[PDB]
Amino acid sequence: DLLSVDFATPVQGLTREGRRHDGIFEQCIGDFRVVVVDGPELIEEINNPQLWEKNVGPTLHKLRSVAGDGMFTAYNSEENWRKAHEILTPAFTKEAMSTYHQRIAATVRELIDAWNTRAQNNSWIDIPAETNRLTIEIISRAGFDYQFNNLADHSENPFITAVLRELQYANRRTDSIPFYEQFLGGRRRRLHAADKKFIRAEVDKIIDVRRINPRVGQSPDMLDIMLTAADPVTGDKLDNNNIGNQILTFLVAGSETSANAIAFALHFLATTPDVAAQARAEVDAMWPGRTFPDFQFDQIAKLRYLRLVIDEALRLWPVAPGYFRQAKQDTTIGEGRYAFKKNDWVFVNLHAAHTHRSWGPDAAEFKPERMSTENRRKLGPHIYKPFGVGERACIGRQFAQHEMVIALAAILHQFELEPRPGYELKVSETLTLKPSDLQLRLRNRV
Ligand code: HEM
Ligand SMILES: C[As](C)(=O)[O-]
């Protein structure tokens, strides 16, 4: 059996390629050949913490030009991963979320207010871009108490523009990288040098201004803990350069993932009417009336069905489509087949595993009730790890799940969603999975 696969979208191409194999195979996608694992029994062996661990994959290695040794792009051996991980964990717990809840909810209010004017003017809204401006402000204001953009305004901050140009310059493949960019001083290399200094200077200013602020009577946020808490083992705090890396990390690793997940959930809510009705009924019962909901921290986790909507969105389209693992020792997965020497790395294809046949014959359908604890217990071997696995799983899972529910609850409570007729779901692949050309229109529910 011969197959022609288009790897223009890499992860979507690997998933189609994986259906002619038995859960593991090889494939050349771009600058490398990768062992792709998309089988339920094989993946859970790869997710074993005693034998395997996180591998800084190719793209993650290329993001080190932007985020350096931040928690997302640092190697396991680098002392700055363990220090930061044991320092920032208390800043991402459920307890720490209640400290941010007010600022998160206030930032959602700012977006809803801006979307009121667009609903009044009967305007089509580019959903991924708007949701990406929101999650940026959510992380920056709740985490660092810093504001980059006003959501009612459409001028873009120079800092966030430089970070995006710096992300594009990092992913540049070795063939598109000129052999002598380090020497000619072209416009692109010079723009990167200027952008890098401008980004480092802005995060240093955020660090210096806070250092002058004693923050009397206020609970410490993410920036405060990085300037206050020392690592219990080594006794040292995160140095200035690493703190600037964590700020850049939380900005890029937290914004795009959460924004595209919200954009996917908005699409499926605007397309399947029964789900939109059941979710809109759950948020109407929690906050009666059409006044903006008085969000209190405990009410967010009580929205069971809206949580099932986000879970099904993260299953059908995991914005983080996969992760790279490496072998801590010489081991074998499966049944003794497939041997791996220490430091050999594979790719866990979550998009293929989440849509795998083990999720039932209706794995391609958006059905939130599937993600209940009882409905999933009736499945057996199946993978659902949208936030990774192990000690290097997503530190911001509780943060993302909190902001994704408040954002969706406010939108469903205040607006109704009109999809674009004739449009069909196309998913582009950047650092994350994103709905391309997704446009919705809103009317105030009155
Ligand atoms: C829908 C939302 C999100 C999804 C699906 C997601 C997904 C993931 C995944 C799959 C990983 C593991 C990467 C790997 O194994 O190579 C990860 C790690 C990480 N995430 Fe996210 N994430 C989300 C939101 C956030 C947010 C809001 C933050 C805020 C700070 C964040 C910060 C991080 C960090 C720092 C790591 C690295 C942790 C470590 O390696 O020690 N993420 N995330
Ligand atoms: C380079 As490593 C083994 O610390 O991911």
# chains A, B, ... in the order shown; residues from 1 in each chain; ligands from 1
>>> residues_around(residues="residue 194 (chain A)", least_positions_apart="3", cutoff="12 Å", atoms="only C-alpha atoms", output="PyMOL selection string")
chain A and resi 159+162-163+165-166+185+187-191+197-201
>>> residues_around(residues="residue 416 (chain A)", least_positions_apart="2", cutoff="9 Å", atoms="only C-alpha atoms", output="PyMOL selection string")
chain A and resi 270+411-414+418+441-445
>>> residues_near_ligand(ligand="ligand 2", cutoff="7 Å", atoms="only C-alpha atoms and all ligand atoms", output="PyMOL selection string")
chain A and resi 54-56+75-78+343
>>> closest_atom_pairs(of="region 33-130 of chain A", to="region 429-439 of chain A", cutoff="12 Å", atoms="only C-alpha atoms", output="JSON lines")
{"residue": "A:58", "atom": "CA", "partner": "A:431", "partner_atom": "CA", "distance": 11.6}
{"residue": "A:59", "atom": "CA", "partner": "A:431", "partner_atom": "CA", "distance": 8.1}
{"residue": "A:60", "atom": "CA", "partner": "A:431", "partner_atom": "CA", "distance": 9.3}
{"residue": "A:62", "atom": "CA", "partner": "A:431", "partner_atom": "CA", "distance": 11.1}
{"residue": "A:63", "atom": "CA", "partner": "A:431", "partner_atom": "CA", "distance": 9.8}
{"residue": "A:123", "atom": "CA", "partner": "A:439", "partner_atom": "CA", "distance": 9.7}
{"residue": "A:124", "atom": "CA", "partner": "A:439", "partner_atom": "CA", "distance": 6.0}
{"residue": "A:125", "atom": "CA", "partner": "A:439", "partner_atom": "CA", "distance": 5.3}
{"residue": "A:126", "atom": "CA", "partner": "A:439", "partner_atom": "CA", "distance": 4.8}
{"residue": "A:127", "atom": "CA", "partner": "A:439", "partner_atom": "CA", "distance": 5.7}
{"residue": "A:128", "atom": "CA", "partner": "A:438", "partner_atom": "CA", "distance": 7.0}
{"residue": "A:129", "atom": "CA", "partner": "A:438", "partner_atom": "CA", "distance": 9.5}
{"residue": "A:130", "atom": "CA", "partner": "A:439", "partner_atom": "CA", "distance": 10.4}
>>> write_last_selection(atoms="N, CA and C atoms", output="PDB file, in the first residue's frame")
ATOM      1  N   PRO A  58      13.080  19.947  18.111  1.00  0.00           N
ATOM      2  CA  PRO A  58      13.719  20.891  17.175  1.00  0.00           C
ATOM      3  C   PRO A  58      13.192  22.311  17.288  1.00  0.00           C
ATOM      4  N   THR A  59      11.873  22.498  17.195  1.00  0.00           N
ATOM      5  CA  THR A  59      11.312  23.843  17.268  1.00  0.00           C
ATOM      6  C   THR A  59      11.566  24.479  18.629  1.00  0.00           C
ATOM      7  N   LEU A  60      11.464  23.692  19.705  1.00  0.00           N
ATOM      8  CA  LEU A  60      11.796  24.215  21.027  1.00  0.00           C
ATOM      9  C   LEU A  60      13.243  24.681  21.083  1.00  0.00           C
ATOM     10  N   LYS A  62      14.860  25.880  18.594  1.00  0.00           N
ATOM     11  CA  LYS A  62      14.935  27.116  17.828  1.00  0.00           C
ATOM     12  C   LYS A  62      14.327  28.284  18.593  1.00  0.00           C
ATOM     13  N   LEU A  63      13.404  28.008  19.514  1.00  0.00           N
ATOM     14  CA  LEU A  63      12.822  29.056  20.340  1.00  0.00           C
ATOM     15  C   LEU A  63      13.760  29.532  21.442  1.00  0.00           C
ATOM     16  N   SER A 123     -20.361  43.894  12.720  1.00  0.00           N
ATOM     17  CA  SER A 123     -19.037  43.705  12.148  1.00  0.00           C
ATOM     18  C   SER A 123     -18.586  42.257  12.295  1.00  0.00           C
ATOM     19  N   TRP A 124     -17.849  41.780  11.295  1.00  0.00           N
ATOM     20  CA  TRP A 124     -17.243  40.458  11.360  1.00  0.00           C
ATOM     21  C   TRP A 124     -15.913  40.541  12.095  1.00  0.00           C
ATOM     22  N   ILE A 125     -15.743  39.683  13.096  1.00  0.00           N
ATOM     23  CA  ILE A 125     -14.605  39.730  14.004  1.00  0.00           C
ATOM     24  C   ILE A 125     -13.657  38.591  13.664  1.00  0.00           C
ATOM     25  N   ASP A 126     -12.390  38.926  13.433  1.00  0.00           N
ATOM     26  CA  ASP A 126     -11.354  37.907  13.310  1.00  0.00           C
ATOM     27  C   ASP A 126     -11.080  37.329  14.693  1.00  0.00           C
ATOM     28  N   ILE A 127     -11.548  36.107  14.927  1.00  0.00           N
ATOM     29  CA  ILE A 127     -11.603  35.524  16.268  1.00  0.00           C
ATOM     30  C   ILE A 127     -10.216  35.174  16.806  1.00  0.00           C
ATOM     31  N   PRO A 128      -9.342  34.479  16.058  1.00  0.00           N
ATOM     32  CA  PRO A 128      -8.026  34.145  16.635  1.00  0.00           C
ATOM     33  C   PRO A 128      -7.203  35.360  17.032  1.00  0.00           C
ATOM     34  N   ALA A 129      -7.222  36.427  16.229  1.00  0.00           N
ATOM     35  CA  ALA A 129      -6.431  37.607  16.564  1.00  0.00           C
ATOM     36  C   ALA A 129      -6.977  38.310  17.801  1.00  0.00           C
ATOM     37  N   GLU A 130      -8.300  38.458  17.890  1.00  0.00           N
ATOM     38  CA  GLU A 130      -8.895  39.110  19.053  1.00  0.00           C
ATOM     39  C   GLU A 130      -8.627  38.314  20.324  1.00  0.00           C
TER      40      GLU A 130
END
>>> residues_around(residues="region 207-219 of chain A", least_positions_apart="3", cutoff="12 Å", atoms="only C-alpha atoms", output="number ranges by chain")
A: 91, 95-100, 142-146, 200-204, 222-228, 238-247
>>> write_last_selection(atoms="C-alpha atoms", output="short mmCIF file (atom, residue, chain, number, x, y, z; two decimals), in the first residue's frame")
data_model
loop_
_atom_site.label_atom_id
_atom_site.label_comp_id
_atom_site.auth_asym_id
_atom_site.auth_seq_id
_atom_site.Cartn_x
_atom_site.Cartn_y
_atom_site.Cartn_z
CA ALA A 91 2.42 30.91 41.65
CA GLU A 95 -4.77 28.91 45.54
CA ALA A 96 -2.68 31.27 43.41
CA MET A 97 -5.45 31.42 40.81
CA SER A 98 -7.84 33.09 43.27
CA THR A 99 -5.31 35.91 43.63
CA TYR A 100 -5.50 36.51 39.86
CA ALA A 142 -2.67 38.99 36.20
CA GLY A 143 0.89 37.65 36.25
CA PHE A 144 3.08 40.76 36.14
CA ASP A 145 0.53 43.58 36.64
CA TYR A 146 1.69 45.04 33.32
CA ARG A 200 15.48 42.59 26.63
CA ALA A 201 15.38 46.29 27.53
CA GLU A 202 11.59 46.31 27.97
CA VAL A 203 11.52 43.26 30.24
CA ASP A 204 14.41 44.70 32.25
CA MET A 222 4.44 35.93 39.38
CA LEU A 223 6.99 38.75 39.05
CA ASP A 224 7.06 39.30 42.82
CA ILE A 225 7.83 35.65 43.56
CA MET A 226 10.62 35.64 40.96
CA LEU A 227 12.13 38.67 42.74
CA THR A 228 11.51 37.25 46.24
CA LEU A 238 16.53 33.57 39.57
CA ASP A 239 19.03 35.98 38.05
CA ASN A 240 17.85 39.00 36.07
CA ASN A 241 18.43 37.44 32.64
CA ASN A 242 16.42 34.33 33.54
CA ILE A 243 13.54 36.36 35.01
CA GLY A 244 13.29 38.17 31.69
CA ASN A 245 13.20 34.76 30.01
CA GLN A 246 10.31 33.57 32.18
CA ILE A 247 8.29 36.69 31.33
#
>>> residues_near_ligand(ligand="ligand 1", cutoff="6 Å", atoms="only C-alpha atoms and all ligand atoms", output="PDB file with C-alpha atoms, in the first residue's frame")
ATOM      1  CA  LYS A  54      11.122  15.604  28.160  1.00  0.00           C
ATOM      2  CA  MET A  71      11.016  26.927  31.745  1.00  0.00           C
ATOM      3  CA  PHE A  72       9.618  26.009  28.324  1.00  0.00           C
ATOM      4  CA  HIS A  85      10.239  25.148  38.477  1.00  0.00           C
ATOM      5  CA  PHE A 250       4.723  32.970  29.913  1.00  0.00           C
ATOM      6  CA  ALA A 253       3.834  29.795  25.709  1.00  0.00           C
ATOM      7  CA  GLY A 254       0.623  30.841  27.460  1.00  0.00           C
ATOM      8  CA  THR A 257      -2.247  28.140  23.207  1.00  0.00           C
ATOM      9  CA  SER A 258      -5.114  29.574  25.263  1.00  0.00           C
ATOM     10  CA  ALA A 261      -8.296  26.908  22.183  1.00  0.00           C
ATOM     11  CA  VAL A 319      -3.448  23.562  20.200  1.00  0.00           C
ATOM     12  CA  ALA A 320      -0.263  21.963  21.500  1.00  0.00           C
ATOM     13  CA  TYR A 323       5.512  16.878  22.595  1.00  0.00           C
ATOM     14  CA  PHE A 324       8.965  15.332  22.284  1.00  0.00           C
ATOM     15  CA  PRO A 386      -3.336  18.143  26.032  1.00  0.00           C
ATOM     16  CA  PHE A 387      -1.052  19.571  28.754  1.00  0.00           C
ATOM     17  CA  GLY A 388       1.799  17.071  28.412  1.00  0.00           C
ATOM     18  CA  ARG A 392       7.654  19.079  32.708  1.00  0.00           C
ATOM     19  CA  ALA A 393       3.938  19.075  31.959  1.00  0.00           C
ATOM     20  CA  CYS A 394       2.205  22.436  31.624  1.00  0.00           C
ATOM     21  CA  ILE A 395       2.775  24.561  34.723  1.00  0.00           C
ATOM     22  CA  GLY A 396      -0.080  26.820  33.588  1.00  0.00           C
ATOM     23  CA  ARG A 397      -2.811  24.206  33.210  1.00  0.00           C
ATOM     24  CA  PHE A 399      -4.296  29.067  34.822  1.00  0.00           C
ATOM     25  CA  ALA A 400      -5.380  28.184  31.280  1.00  0.00           C
TER      26      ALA A 400
END
>>> closest_residue(among="A:172, A:356, A:139, A:195", to="residue 383 (chain A)", atoms="only C-alpha atoms")
A:356
>>> select_by_dssp(residues="region 229-421 of chain A", states="alpha helix (DSSP H)", output="PyMOL selection string")
chain A and resi 240-271+273-286+297-301+304-316+350-354+373-377+397-414
>>> residues_around(residues="residue 116 (chain A)", least_positions_apart="2", cutoff="10 Å", atoms="only C-alpha atoms", output="MDAnalysis selection string")
chainID A and resid 111:114 118:122 152 414:415 442:444
>>> write_last_selection(atoms="N, CA, C and O atoms", output="PDB file, in the first residue's frame")
ATOM      1  N   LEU A 111     -12.714  43.231  27.109  1.00  0.00           N
ATOM      2  CA  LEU A 111     -12.948  42.713  25.765  1.00  0.00           C
ATOM      3  C   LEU A 111     -14.431  42.726  25.417  1.00  0.00           C
ATOM      4  O   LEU A 111     -14.810  43.118  24.307  1.00  0.00           O
ATOM      5  N   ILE A 112     -15.282  42.293  26.351  1.00  0.00           N
ATOM      6  CA  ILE A 112     -16.723  42.290  26.111  1.00  0.00           C
ATOM      7  C   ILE A 112     -17.214  43.699  25.804  1.00  0.00           C
ATOM      8  O   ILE A 112     -18.056  43.900  24.920  1.00  0.00           O
ATOM      9  N   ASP A 113     -16.688  44.696  26.521  1.00  0.00           N
ATOM     10  CA  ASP A 113     -17.066  46.079  26.255  1.00  0.00           C
ATOM     11  C   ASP A 113     -16.679  46.495  24.842  1.00  0.00           C
ATOM     12  O   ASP A 113     -17.451  47.171  24.152  1.00  0.00           O
ATOM     13  N   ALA A 114     -15.487  46.099  24.392  1.00  0.00           N
ATOM     14  CA  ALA A 114     -15.077  46.408  23.027  1.00  0.00           C
ATOM     15  C   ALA A 114     -15.936  45.663  22.012  1.00  0.00           C
ATOM     16  O   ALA A 114     -16.287  46.216  20.963  1.00  0.00           O
ATOM     17  N   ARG A 118     -18.638  46.423  18.392  1.00  0.00           N
ATOM     18  CA  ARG A 118     -18.581  45.668  17.146  1.00  0.00           C
ATOM     19  C   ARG A 118     -19.893  44.945  16.870  1.00  0.00           C
ATOM     20  O   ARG A 118     -20.294  44.817  15.708  1.00  0.00           O
ATOM     21  N   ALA A 119     -20.569  44.468  17.916  1.00  0.00           N
ATOM     22  CA  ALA A 119     -21.893  43.882  17.734  1.00  0.00           C
ATOM     23  C   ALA A 119     -22.900  44.936  17.296  1.00  0.00           C
ATOM     24  O   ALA A 119     -23.791  44.656  16.485  1.00  0.00           O
ATOM     25  N   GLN A 120     -22.772  46.153  17.826  1.00  0.00           N
ATOM     26  CA  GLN A 120     -23.667  47.241  17.447  1.00  0.00           C
ATOM     27  C   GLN A 120     -23.493  47.618  15.981  1.00  0.00           C
ATOM     28  O   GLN A 120     -24.469  47.958  15.301  1.00  0.00           O
ATOM     29  N   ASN A 121     -22.265  47.553  15.474  1.00  0.00           N
ATOM     30  CA  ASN A 121     -21.966  47.929  14.100  1.00  0.00           C
ATOM     31  C   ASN A 121     -22.050  46.756  13.130  1.00  0.00           C
ATOM     32  O   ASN A 121     -21.697  46.918  11.957  1.00  0.00           O
ATOM     33  N   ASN A 122     -22.505  45.588  13.592  1.00  0.00           N
ATOM     34  CA  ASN A 122     -22.726  44.426  12.729  1.00  0.00           C
ATOM     35  C   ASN A 122     -21.449  44.051  11.974  1.00  0.00           C
ATOM     36  O   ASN A 122     -21.439  43.907  10.750  1.00  0.00           O
ATOM     37  N   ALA A 152      -9.967  47.737  23.805  1.00  0.00           N
ATOM     38  CA  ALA A 152     -10.856  48.590  23.024  1.00  0.00           C
ATOM     39  C   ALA A 152     -10.114  49.263  21.876  1.00  0.00           C
ATOM     40  O   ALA A 152     -10.723  49.592  20.852  1.00  0.00           O
ATOM     41  N   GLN A 414     -23.206  37.207  27.138  1.00  0.00           N
ATOM     42  CA  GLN A 414     -23.437  38.539  26.594  1.00  0.00           C
ATOM     43  C   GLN A 414     -23.809  38.545  25.120  1.00  0.00           C
ATOM     44  O   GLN A 414     -24.577  39.414  24.694  1.00  0.00           O
ATOM     45  N   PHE A 415     -23.282  37.615  24.327  1.00  0.00           N
ATOM     46  CA  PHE A 415     -23.481  37.628  22.886  1.00  0.00           C
ATOM     47  C   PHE A 415     -24.027  36.291  22.413  1.00  0.00           C
ATOM     48  O   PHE A 415     -23.944  35.275  23.109  1.00  0.00           O
ATOM     49  N   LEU A 442     -21.480  38.914  16.263  1.00  0.00           N
ATOM     50  CA  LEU A 442     -22.169  38.884  17.541  1.00  0.00           C
ATOM     51  C   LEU A 442     -23.319  39.879  17.555  1.00  0.00           C
ATOM     52  O   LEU A 442     -23.243  40.954  16.953  1.00  0.00           O
ATOM     53  N   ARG A 443     -24.389  39.501  18.247  1.00  0.00           N
ATOM     54  CA  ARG A 443     -25.445  40.418  18.644  1.00  0.00           C
ATOM     55  C   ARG A 443     -25.590  40.347  20.156  1.00  0.00           C
ATOM     56  O   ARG A 443     -25.495  39.265  20.744  1.00  0.00           O
ATOM     57  N   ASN A 444     -25.803  41.500  20.785  1.00  0.00           N
ATOM     58  CA  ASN A 444     -26.059  41.519  22.218  1.00  0.00           C
ATOM     59  C   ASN A 444     -27.364  40.791  22.516  1.00  0.00           C
ATOM     60  O   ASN A 444     -28.381  41.019  21.854  1.00  0.00           O
TER      61      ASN A 444
END
>>> residues_around(residues="residue 40 (chain A)", least_positions_apart="3", cutoff="12 Å", atoms="only C-alpha atoms", output="PyMOL selection string")
chain A and resi 22-24+37+43-47+333-334+348-350+352-359+379-385
>>> residues_around(residues="region 105-108 of chain A", least_positions_apart="2", cutoff="8 Å", atoms="only C-alpha atoms", output="ChimeraX atom specification")
/A:101-103,110-112,134,137-138,295,406-407,410
>>> closest_residue(among="A:133, A:205, A:237, A:173", to="residue 160 (chain A)", atoms="only C-alpha atoms")
A:133
>>> select_by_dssp(residues="region 30-201 of chain A", states="strand (DSSP E)", output="ChimeraX atom specification")
/A:33-37,52-54,125-126
>>> closest_residue(among="A:51, A:440, A:252, A:193", to="residue 327 (chain A)", atoms="only C-alpha atoms")
A:51
>>> closest_residue(among="A:15, A:149, A:131, A:65", to="residue 192 (chain A)", atoms="only C-alpha atoms")
A:65
>>> atom_distance(atom1="CA of residue 267 (chain A)", atom2="CA of residue 36 (chain A)")
29.1 Å
